[PDB]
>>> print(open('final.pdb').read())   # PDB, C-alpha atoms (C1' of nucleotides)
ATOM      1  CA  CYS L 213     -45.955 -99.012 -23.975
ATOM      2  CA  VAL L 214     -44.891 -96.305 -26.461
ATOM      3  CA  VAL L 215     -46.726 -92.959 -26.218
ATOM      4  CA  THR L 216     -46.956 -90.324 -28.979
ATOM      5  CA  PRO L 217     -48.335 -86.926 -27.922
ATOM      6  CA  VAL L 218     -50.397 -84.616 -30.197
ATOM      7  CA  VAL L 219     -51.633 -80.987 -29.790
ATOM      8  CA  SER L 220     -55.359 -80.315 -29.357
ATOM      9  CA  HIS L 221     -56.806 -77.717 -31.809
ATOM     10  CA  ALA L 222     -59.666 -76.601 -29.507
ATOM     11  CA  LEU L 223     -57.435 -76.240 -26.414
ATOM     12  CA  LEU L 224     -54.664 -74.201 -28.101
ATOM     13  CA  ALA L 225     -57.117 -71.850 -29.861
ATOM     14  CA  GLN L 226     -58.874 -71.043 -26.538
ATOM     15  CA  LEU L 227     -55.546 -70.276 -24.783
ATOM     16  CA  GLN L 228     -54.724 -67.611 -27.409
ATOM     17  CA  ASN L 229     -57.814 -65.662 -26.327
ATOM     18  CA  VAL L 230     -57.638 -66.236 -22.532
ATOM     19  CA  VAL L 231     -54.051 -64.979 -21.962
ATOM     20  CA  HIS L 232     -54.827 -61.646 -23.666
ATOM     21  CA  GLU L 233     -58.241 -61.149 -21.948
ATOM     22  CA  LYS L 234     -57.312 -62.299 -18.367
ATOM     23  CA  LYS L 235     -53.852 -60.637 -18.552
ATOM     24  CA  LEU L 236     -51.755 -63.762 -17.869
ATOM     25  CA  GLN L 237     -47.938 -63.999 -18.044
ATOM     26  CA  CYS L 238     -47.002 -65.107 -21.562
ATOM     27  CA  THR L 239     -44.533 -65.045 -24.492
ATOM     28  CA  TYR L 240     -44.597 -65.923 -28.204
ATOM     29  CA  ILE L 241     -43.145 -68.796 -30.276
ATOM     30  CA  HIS L 242     -42.309 -68.102 -34.017
ATOM     31  CA  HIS L 243     -42.974 -70.483 -36.991
ATOM     32  CA  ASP L 244     -41.356 -69.989 -40.464
ATOM     33  CA  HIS L 245     -43.765 -70.664 -43.424
ATOM     34  CA  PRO L 246     -47.007 -70.494 -41.300
ATOM     35  CA  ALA L 247     -49.132 -71.819 -44.237
ATOM     36  CA  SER L 248     -47.189 -75.167 -43.987
ATOM     37  CA  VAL L 249     -48.153 -75.761 -40.264
ATOM     38  CA  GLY L 250     -51.929 -74.992 -39.959
ATOM     39  CA  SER L 251     -55.112 -72.814 -39.996
ATOM     40  CA  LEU L 252     -54.431 -71.231 -36.588
ATOM     41  CA  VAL L 253     -50.681 -70.584 -36.986
ATOM     42  CA  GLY L 254     -51.318 -68.928 -40.365
ATOM     43  CA  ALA L 255     -54.155 -66.763 -38.987
ATOM     44  CA  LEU L 256     -51.821 -65.658 -36.124
ATOM     45  CA  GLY L 257     -49.065 -64.606 -38.626
ATOM     46  CA  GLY L 258     -46.555 -67.248 -37.385
ATOM     47  CA  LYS L 259     -46.550 -65.954 -33.745
ATOM     48  CA  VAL L 260     -48.305 -68.201 -31.131
ATOM     49  CA  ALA L 261     -48.729 -67.274 -27.449
ATOM     50  CA  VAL L 262     -47.786 -69.607 -24.549
ATOM     51  CA  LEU L 263     -47.888 -69.327 -20.721
ATOM     52  CA  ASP L 264     -44.714 -68.206 -18.872
ATOM     53  CA  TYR L 265     -44.470 -69.067 -15.151
ATOM     54  CA  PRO L 266     -40.826 -69.411 -13.969
ATOM     55  CA  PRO L 267     -39.905 -70.496 -10.372
ATOM     56  CA  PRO L 268     -39.179 -67.773  -7.673
ATOM     57  CA  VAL L 269     -35.346 -68.390  -7.547
TER      58      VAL L 269
ATOM     59  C1'   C K   1     -35.258 -96.190 -20.354
ATOM     60  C1'   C K   2     -36.643 -88.114 -20.116
ATOM     61  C1'   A K   3     -42.112 -83.821 -26.634
ATOM     62  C1'   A K   4     -36.784 -89.636 -26.619
ATOM     63  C1'   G K   5     -31.625 -90.115 -30.198
ATOM     64  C1'   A K   6     -27.342 -86.392 -33.650
ATOM     65  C1'   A K   7     -25.676 -80.739 -34.404
ATOM     66  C1'   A K   8     -19.449 -74.727 -35.418
ATOM     67  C1'   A K   9     -23.676 -68.292 -36.841
ATOM     68  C1'   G K  10     -19.634 -66.355 -39.081
ATOM     69  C1'   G K  11     -16.728 -62.490 -42.106
ATOM     70  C1'   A K  12     -15.907 -56.053 -42.585
ATOM     71  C1'   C K  13     -16.382 -50.822 -40.438
ATOM     72  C1'   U K  14     -13.615 -42.937 -38.249
ATOM     73  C1'   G K  15     -19.465 -39.284 -34.670
ATOM     74  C1'   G K  16     -17.882 -34.620 -35.672
ATOM     75  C1'   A K  17     -17.571 -28.894 -35.701
ATOM     76  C1'   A K  18     -18.779 -24.017 -32.008
ATOM     77  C1'   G K  19     -19.739 -21.401 -26.738
ATOM     78  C1'   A K  20     -19.522 -15.653 -20.238
ATOM     79  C1'   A K  21     -24.163 -17.860 -14.730
ATOM     80  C1'   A K  22     -24.746 -13.362 -12.604
ATOM     81  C1'   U K  23     -26.226  -8.788  -8.889
ATOM     82  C1'   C K  24     -27.744  -8.240  -2.694
ATOM     83  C1'   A K  25     -27.414  -9.638   2.906
ATOM     84  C1'   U K  26     -26.193  -8.785  11.285
ATOM     85  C1'   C K  27     -27.545 -15.721  14.658
ATOM     86  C1'   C K  28     -28.470 -13.707  19.301
ATOM     87  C1'   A K  29     -29.698 -13.512  24.830
ATOM     88  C1'   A K  30     -28.765 -16.747  30.475
ATOM     89  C1'   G K  31     -26.201 -20.690  33.400
ATOM     90  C1'   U K  32     -22.037 -23.939  40.394
ATOM     91  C1'   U K  33     -19.943 -31.086  38.617
ATOM     92  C1'   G K  34     -19.383 -32.725  43.763
ATOM     93  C1'   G K  35     -18.408 -36.256  47.847
ATOM     94  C1'   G K  36     -14.108 -40.967  50.215
ATOM     95  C1'   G K  37      -9.562 -43.735  49.703
ATOM     96  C1'   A K  38      -2.376 -47.613  52.305
ATOM     97  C1'   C K  39       1.730 -50.410  46.516
ATOM     98  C1'   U K  40       4.446 -53.484  49.530
ATOM     99  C1'   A K  41       4.340 -58.366  50.996
ATOM    100  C1'   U K  42       7.636 -65.199  53.393
ATOM    101  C1'   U K  43      11.795 -60.149  50.779
ATOM    102  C1'   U K  44      16.475 -63.626  48.213
ATOM    103  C1'   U K  45      21.747 -59.281  46.636
ATOM    104  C1'   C K  46      25.492 -60.673  52.784
ATOM    105  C1'   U K  47      31.489 -60.904  54.491
ATOM    106  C1'   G K  48      36.190 -59.175  53.202
ATOM    107  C1'   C K  49      41.590 -57.868  51.030
ATOM    108  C1'   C K  50      44.690 -54.134  47.295
ATOM    109  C1'   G K  51      44.111 -49.212  45.639
ATOM    110  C1'   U K  52      45.074 -41.322  47.922
ATOM    111  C1'   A K  53      39.864 -42.503  46.381
ATOM    112  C1'   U K  54      31.855 -43.607  47.410
ATOM    113  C1'   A K  55      36.984 -43.948  40.768
ATOM    114  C1'   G K  56      38.762 -49.138  38.816
ATOM    115  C1'   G K  57      39.939 -54.239  39.837
ATOM    116  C1'   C K  58      39.515 -58.957  42.864
ATOM    117  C1'   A K  59      38.730 -64.004  46.324
ATOM    118  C1'   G K  60      35.208 -66.533  48.732
TER     119        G K  60
END
>>> encode(input="final.pdb", output="structure tokens")
Amino acid sequence: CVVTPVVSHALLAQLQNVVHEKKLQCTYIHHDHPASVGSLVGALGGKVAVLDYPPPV
RNA sequence: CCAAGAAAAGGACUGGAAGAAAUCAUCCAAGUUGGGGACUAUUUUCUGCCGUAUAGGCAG
């Protein structure tokens, strides 16, 4: 069977708040032309936060 | 049969100028290292002639 993933609006928007409030390890991903990708990406100025948990090597 | 499949970040460049770290000084006093002792054994090197000769040369 072929699978196509898609990003959840509700889930990503919550993560942007939790990492800054709970002080989690994170970084930022840039998007050119934020208005062409979506409501949230535009509101965030083209910078979106993600979790960063590398292995202890 | 992998958030699957493909991919050239490149080209150029003058950090410079100038300067005083200085004056002073008490480490001292005492002191028990000692007592005992096998380098030779199953070793290998003897016996002679010439030569003034413990020199130098020789047979067995």
>>> interface_residues(input="final.pdb", of="chain L", to="chain K", cutoff="10 Å", atoms="only C-alpha atoms (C1' of nucleotides)", output="PyMOL selection string")
chain L and resi 216-218
>>> resolve_selection(input="final.pdb", expression="the PyMOL selection byres ((chain L and resi 260) around 9)", output="number ranges by chain")
L: 228, 239-243, 252-253, 256-259, 261-262
>>> resolve_selection(input="final.pdb", expression="the PyMOL selection byres ((chain K and resi 32-48) around 10)", output="list in words")
residues 31, 49, 59 and 60 of chain K
>>> atom_distance(input="final.pdb", atom1="CA of residue 213 (chain L)", atom2="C1' of residue 5 (chain K)")
18.0 Å
>>> axis_aligned_box(input="final.pdb", around="region 1-7 of chain K", padding_each_side="5 Å", output="AutoDock Vina command-line options")
--center_x -33.9 --center_y -88.5 --center_z -27.3 --size_x 26.4 --size_y 25.5 --size_z 24.3
>>> residues_around(input="final.pdb", residues="region 234-237 of chain L", least_positions_apart="5", cutoff="8 Å", atoms="only C-alpha atoms (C1' of nucleotides)", output="compact mmCIF listing (two decimals) with C-alpha atoms, in the frame of the given file")
# COMPACT_ATOMS: atom_id res chain seq x y z
CA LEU L 263 -47.89 -69.33 -20.72
CA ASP L 264 -44.71 -68.21 -18.87
CA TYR L 265 -44.47 -69.07 -15.15
>>> atom_distance(input="final.pdb", atom1="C1' of residue 6 (chain K)", atom2="CA of residue 244 (chain L)")
22.6 Å
>>> atom_distance(input="final.pdb", atom1="CA of residue 266 (chain L)", atom2="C1' of residue 4 (chain K)")
24.2 Å
